[PDB]
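Okay, here we've got a single chain as structure tokens, the form deposited without the DNA, with questions on binding and movement later.
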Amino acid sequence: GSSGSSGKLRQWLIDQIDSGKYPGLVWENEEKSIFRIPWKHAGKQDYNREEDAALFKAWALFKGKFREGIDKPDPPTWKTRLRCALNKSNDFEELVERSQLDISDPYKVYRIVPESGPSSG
């Protein structure tokens, strides 16, 4: 809020969804507990990367320090970094059950598991 003293994904990410700045990223519910992330794969080079890494870029720049313009950017690092954290986060649940990657617009659903929440069930 005031200053990014302690960086983190749990909140950071949530902030991105609530803000609704990036497309696809929307809260399936009002409680802002469950959301959906757009999972696509172009591969092309001429295609626009900025957008593809619109959210990923922020993640890194936020957590670490990426030199924009001087240091050569690498989507792999960003995607891998986040993609990995998403799963690494034990406070996150896999809603793949509802996830739809076989439709017009593919996306992966996830549930933010709290601390005082029932691990099992």
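From 1 onward, residues are counted along the sequence shown.
The discussion below concerns the form solved in complex with the DNA, not included here.
- [ ] Verify the contact flag for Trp39: yes if a non-hydrogen atom of it lies within 4.5 Å of a non-hydrogen atom of the DNA in the bound PDB entry, no if not.
- [x] Answer yes; at least one heavy atom of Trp39 falls within 4.5 Å of the DNA in the bound PDB entry.
TODO: Would you please decide whether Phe35 lies within 4.5 angstroms of the DNA in the bound PDB entry, comparing each non-hydrogen atom pair?
DONE: It does not: once the DNA is placed as it appears in the bound PDB entry, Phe35 has no heavy atom within 4.5 Å of it.
Open item on the list: Just checking whether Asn87 would be counted as a contact of the DNA in the bound PDB entry - the rule being heavy atoms within 4.5 angstroms.
Closed with: Close contact exists here: in the bound PDB entry, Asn87 approaches the DNA to within 4.5 Å, heavy atoms only.
Task: 4.5 Å heavy atom contact, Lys44 and the DNA in the bound PDB entry - done: Answer yes; at least one heavy atom of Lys44 falls within 4.5 Å of the DNA in the bound PDB entry.
Task: in the bound PDB entry, residues of 8-38 near the DNA [heavy atom within 4.5 Å] - done: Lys8, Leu9 sit within 4.5 Å of the partner.
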